[PDB]
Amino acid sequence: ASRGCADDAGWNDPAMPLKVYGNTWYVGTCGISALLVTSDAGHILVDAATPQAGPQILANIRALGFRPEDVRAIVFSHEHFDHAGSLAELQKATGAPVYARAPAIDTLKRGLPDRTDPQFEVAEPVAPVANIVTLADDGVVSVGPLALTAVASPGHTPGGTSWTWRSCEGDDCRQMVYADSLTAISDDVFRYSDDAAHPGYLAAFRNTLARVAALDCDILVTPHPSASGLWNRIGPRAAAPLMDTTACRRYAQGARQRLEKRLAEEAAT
């Protein structure tokens, strides 16, 4: 029997790929999510894990019997190296454009963020993404019968996006949400409370939390699997129901508490 993935797994610890629900598959690592949303017209790849995870993601797509070349669109959560890291390499392998909201694009072209990113000073470089299609903040990415809807999720980064779509197992369809990271973390310099340094940034973060909280939400997945207890819901260690219509509300509500705790820590400094 397989031991599965721990909640404290290394970001590059390999995971056996598995179904999440219907035509949504998990192809990431034990520590970092990536998803493949499939059809007989081609596929949408969601996220890219670290700069080291390219071959793992490609091997996992193939392990499930899908061809990387049948991927017709790549989307991602946010422009940190641990989720955007292999985007260039995956774009080479698949031939697919990468869709990005405007505030993430400069990071993807430079290979590093600027000071708009809370983690600017700790960012690790990523291969620049050659072919980017600009995504409207509520845009839809369509491949054949597939339709992924962008929910702009600035806060953790300026360019972050959550994704939502429907996956079906027969006549039974579920609203999938791949909710972006909502953690109020930063380098040692950035202050979420210094509005003059970035006007409206924290208000947009709060608005993001409210919007995620309100999403129709049958099955939640997050870029760090443990942030949503993913490995208690799929895989060998699962002992909670996969479907939970409260999950996005609990996730966003938790992130709000932690954001407020971050503001308290800044006030004390």
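Numbers for residues come from their place in the sequence shown, where the first is 1.
Checked against the record, the higher mean CA B factor of 44-52 and 214-222 lies with 214-222.
Look at the mean CA B-factor for 113-121 and for 134-142 in the entry; the higher one is 134-142.
Between the residues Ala204, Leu242, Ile32, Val27, the entry's highest C-alpha temperature factor is the one at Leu242. Looking at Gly170, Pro154, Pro128, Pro97, the one whose CA carries the top B-factor in the deposited record is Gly170. Looking at the C-alpha B-factors along this chain, the one for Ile185 belongs to the highest third. Annotation for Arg166: C-alpha temperature factor in the highest third relative to the rest of the modelled chain, per the entry.
In the deposited entry, the Cα temperature factor of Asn60 sits in the middle third of values across the chain's modelled residues. Per the deposited record, the Cα B-factor of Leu230 falls in the middle third when ranked against the other modelled residues of its chain. For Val75, the recorded CA temperature factor ranks within the lowest third of the chain's modelled residues.
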